[PDB]
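Residue numbers (the entry's author numbering), protein chains in the order written: chain AL09, 1 to 145; chain AL01, 2 to 229; chain AL28, 8 to 95. The C-beta atom is built at its ideal place from N, Cα and C for all residues, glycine as well.
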Amino acid sequence: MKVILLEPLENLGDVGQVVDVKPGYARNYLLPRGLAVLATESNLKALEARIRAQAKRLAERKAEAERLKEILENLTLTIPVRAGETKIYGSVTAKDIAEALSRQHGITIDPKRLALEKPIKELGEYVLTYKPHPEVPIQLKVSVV
Amino acid sequence: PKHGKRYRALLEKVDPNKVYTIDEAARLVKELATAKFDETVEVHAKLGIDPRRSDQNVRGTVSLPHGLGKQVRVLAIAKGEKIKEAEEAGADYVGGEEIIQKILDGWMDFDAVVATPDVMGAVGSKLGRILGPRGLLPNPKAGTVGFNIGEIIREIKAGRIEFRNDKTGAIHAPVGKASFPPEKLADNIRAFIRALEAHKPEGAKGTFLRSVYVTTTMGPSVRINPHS
Amino acid sequence: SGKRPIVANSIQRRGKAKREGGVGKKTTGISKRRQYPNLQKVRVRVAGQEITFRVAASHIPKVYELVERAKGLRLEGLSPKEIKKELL
RNA sequence: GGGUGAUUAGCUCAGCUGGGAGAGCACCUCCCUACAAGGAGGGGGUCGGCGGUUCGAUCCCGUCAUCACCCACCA
RNA sequence: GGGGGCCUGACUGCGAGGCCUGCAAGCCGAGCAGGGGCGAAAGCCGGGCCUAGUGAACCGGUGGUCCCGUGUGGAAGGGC
RNA sequence: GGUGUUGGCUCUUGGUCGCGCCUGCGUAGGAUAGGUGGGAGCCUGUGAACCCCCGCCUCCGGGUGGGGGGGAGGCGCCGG
Ligand SMILES: [Mg+2]
Ligand SMILES: [Mg+2]
Ligand SMILES: [Mg+2]
Ligand SMILES: [Mg+2]
Ligand SMILES: [Mg+2]
């Protein structure tokens, strides 16, 4: 019986590979226990359209970065903040790093989608690693005075 | 010593289980064999029957375009006007029933039968059991058929072939001779099976096909695919 | 009874006997006998509860067809017997 | 008909996947004992006939014949 | 009736006329052609000196046959 | 008995048909010569013979093979 499973039981294969099984193996086991589906022409091109989505979805969410990767890196970021002259008075936070784009460069980027475990307290034209998607690592240029 | 190391030779350059095309393939079979100063055909093929079922003994004769080559001596045996009309070639200096003890103790160097079943009462007594299964007994369908023997000792120069299929299908085309061009090794497998496809055994549940191979006295082996 | 999408049932069609021949003649022996389908119960879930089907082995998956059809179907209302009836 | 099987002395019987037919009982006699135990000699066979392979058949193979078992095909 | 020789006429295609008799049968049979046996020829040979030694029809096997053979060509089955 | 109801996991066993492999034992005759048909060369200097291990069968006689530095000859003709 041609049926596809969704939990990789290392006896009939990994998820995705349809397999012919004895009907009883499917009648009194899989589908009741939520292991497989009767892959009909309806339930074929059903989920076949699904794999026609996510496998193609990574494009309006993937290349959308590259249309900004080799663009965003071609810029600086300046955060004028009164401070000491070898260590900042206070700090600069990723949460606050984002709106620095809004008060100068007018771009909306996500906070916690940014590699910065701790805040920076000393100056220097430093460069960070922003993430718009865990696939296209972009390095971000910043500076404080 | 053991088994030899050249046997692990020519076969690596033959591709055993394949095709070849048989006919036009014999032309490089010529450089396959490379035996001594000769070559044979060796067809064999084992029947799909049983040694018994009454007595499907089977005998016959073959044609063969050119012929054999060397000698079988023949010698033969009769009494009267028999060898009289048969001594231009294969037979010579026979004598009579005062010589057969040269079979006993005189001249030991004999082969080929012809002759005529005219004095069987004595050879069926003296050589009636202790000679035959080598490939003898005057017999009929074996070069011993009355006055018709007149067209036989020159038919040696044509064909022999004893249809002794026995327990093992057997049969064996032995006329190649290598240096007899390759033509004498190319245009006769068909005319061989044409006489082999003759008085076959009758009533058998199976096939009349096996192996065939076509090999020399010491040539390669491993199948061929028999058809044409 | 027979019931179920098979719409199958029992038939009385005759069972007979003939001692062989054909190269001579063939005998006779008759009687009337009953033929039955191969109906068996069929368990299935459908979200809530189970429900049995005295269906024949011809049209077993038709239920699994029917079930796999009843996706976006208002299936509940606390009505298990009524569900089977509503199964198309 | 289809297939499994036998059959050897007078008898109940071996022979071994091929190579001079044999062990018991019965029959004749000789022994030690008078009987019957028990030994030694000899006779006894168409391996059911007929054939084919085999150098060579009790055995390999194929019909007959007298059985025995099982499944019909007889208008 | 007892011996010997040569043979296959215990042929094929017909077959007038008749015995018996309800039907079906059964029985004898001269005559011709094809071809043959015997005998020098006349001639005889279509089983046996005779009267008993047998089985309608239905069904089916085997061998031949200018036959029929389903839209047509083979084939399958049938028919003589 | 077979099959659908009837599903997962596993151990083993018989046979059929090919392949790669182990054998083939009266005397005589080196000797343990399955059969048939050819067959005089065959192997060998990319490797033989006198020398160590092992396996299988075995008729104690050996038949068959993967192994060792050694490196020029050994079986077949024929006889019997
Ligand atoms: Mg000759
Ligand atoms: Mg020819
Ligand atoms: Mg019912
Ligand atoms: Mg029939
Ligand atoms: Mg059952």
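Cβ-based burial, residue i [other Cβ within 10 Å; buried from 16]
i: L123 (chain AL09); result: buried
i: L85 (chain AL28); result: exposed
i: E40 (chain AL01); result: buried
i: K71 (chain AL01); result: exposed
i: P2 (chain AL01); result: exposed
i: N149 (chain AL01); result: exposed
i: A26 (chain AL09); result: buried
i: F38 (chain AL01); result: exposed
i: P132 (chain AL09); result: buried
i: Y43 (chain AL28); result: exposed
i: residue 235 (chain AL01); result: The question about residue 235 (chain AL01) has no answer here: the residues shown for chain AL01 are numbered 2 through 229.
i: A92 (chain AL01); result: buried
i: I225 (chain AL01); result: buried
i: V49 (chain AL28); result: buried
i: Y130 (chain AL09); result: buried
i: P141 (chain AL01); result: exposed
i: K95 (chain AL09); result: exposed
i: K56 (chain AL09); result: exposed
i: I37 (chain AL28); result: exposed
i: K87 (chain AL09); result: exposed
Cβ distance (whole Å) where residue i is taken to contact residue j below 8 Å
i: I101 (chain AL01); j: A205 (chain AL01); result: Not quite, the Cβ-Cβ distance comes to about 41 Å (not below 8 Å), so this is no contact.
i: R11 (chain AL28); j: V62 (chain AL28); result: 4 Å
i: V144 (chain AL09); j: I79 (chain AL09); result: 5 Å
i: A36 (chain AL01); j: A179 (chain AL01); result: 7 Å
i: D119 (chain AL01); j: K80 (chain AL01); result: 7 Å
i: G133 (chain AL01); j: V115 (chain AL01); result: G133 (chain AL01) to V115 (chain AL01), Cβ: 16 Å. No contact.
i: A46 (chain AL01); j: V215 (chain AL01); result: In fact, because the Cβ distance is near 10 Å, the residues do not count as touching under 8 Å.
i: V15 (chain AL01); j: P221 (chain AL01); result: 5 Å
i: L46 (chain AL28); j: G9 (chain AL28); result: 6 Å
i: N166 (chain AL01); j: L76 (chain AL01); result: Not a contact, Cβ separation roughly 28 Å.
i: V223 (chain AL01); j: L12 (chain AL01); result: 7 Å
i: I138 (chain AL09); j: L72 (chain AL09); result: 6 Å
Sub-8 Å separation of residue i and residue j beta-carbons
i: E41 (chain AL09); j: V136 (chain AL09); result: no
i: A90 (chain AL01); j: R155 (chain AL01); result: yes
i: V37 (chain AL09); j: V3 (chain AL09); result: yes
i: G96 (chain AL01); j: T117 (chain AL01); result: no
i: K168 (chain AL01); j: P52 (chain AL01); result: yes
i: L35 (chain AL09); j: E70 (chain AL09); result: no
i: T217 (chain AL01); j: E98 (chain AL01); result: no
i: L68 (chain AL09); j: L140 (chain AL09); result: no
i: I58 (chain AL28); j: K92 (chain AL28); result: no
i: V92 (chain AL09); j: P119 (chain AL09); result: yes
i: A39 (chain AL09); j: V18 (chain AL09); result: yes
i: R135 (chain AL01); j: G170 (chain AL01); result: no
i: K33 (chain AL28); j: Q19 (chain AL28); result: no
i: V53 (chain AL28); j: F60 (chain AL28); result: no
i: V73 (chain AL01); j: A34 (chain AL01); result: no
i: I104 (chain AL01); j: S229 (chain AL01); result: no
i: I172 (chain AL01); j: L197 (chain AL01); result: yes
Near ligand 6: residue i beta-carbon under 7 Å from a heavy atom
i: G9 (chain AL28); result: No copy of ligand 6 appears in this structure; the ligands present are ligand 1, ligand 2, ligand 3, ligand 4 and ligand 5.
Any chance the stretch 22-33 of chain AL01 sits against the stretch 186-193 of chain AL01, with 3 or more Cβ pairs inside 8 Å? yes
Give me the subset of the stretch 49-65 of chain AL28 whose CB atoms are less than 7 Å from a CB atom of chain AL09, sorted by chain position. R52
Beta carbons nearer than 9 Å to chain AL28: which residues of the stretch 38-49 of chain AL09 have them? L38, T40, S42 and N43
Residues of the stretch 71-82 of chain AL09 with a CB closer than 7 Å to any CB of chain AL28: list them in chain order, please. none
Would the stretch 62-70 of chain AL01 count as touching the stretch 159-173 of chain AL01 if we require 3 or more Cβ pairs under 8 Å? The stretch 62-70 of chain AL01 is in contact with the stretch 159-173 of chain AL01.
Going along the stretch 101-124 of chain AL09 in order, which residues come within less than 8 Å of chain AL28, judged by CB to CB distance? Those residues of the stretch 101-124 of chain AL09 placed with their C-beta closer than 8 Å to a C-beta in chain AL28 do not exist.
Any contact between the stretch 100-113 of chain AL09 and the stretch 17-31 of chain AL09? By contact I mean 3 or more CB pairs, one from each, below 8 Å. no
To be precise: take each residue of the stretch 34-48 of chain AL28, compare its Cβ to all Cβ atoms of chain AL09, and keep it if any distance is under 8 Å. Which residues remain? none
The stretch 8-27 of chain AL28: which residues have C-beta closer than 9 Å to a C-beta of chain AL09, in chain order? none
Residues of the stretch 16-32 of chain AL09 whose Cβ lies closer than 7 Å to any Cβ of chain AL28, in chain order: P32
Chain AL09 contacts made by the stretch 65-81 of chain AL28, where a contact means CB separation under 9 Å: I67, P68, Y71, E72, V74, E75 and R76
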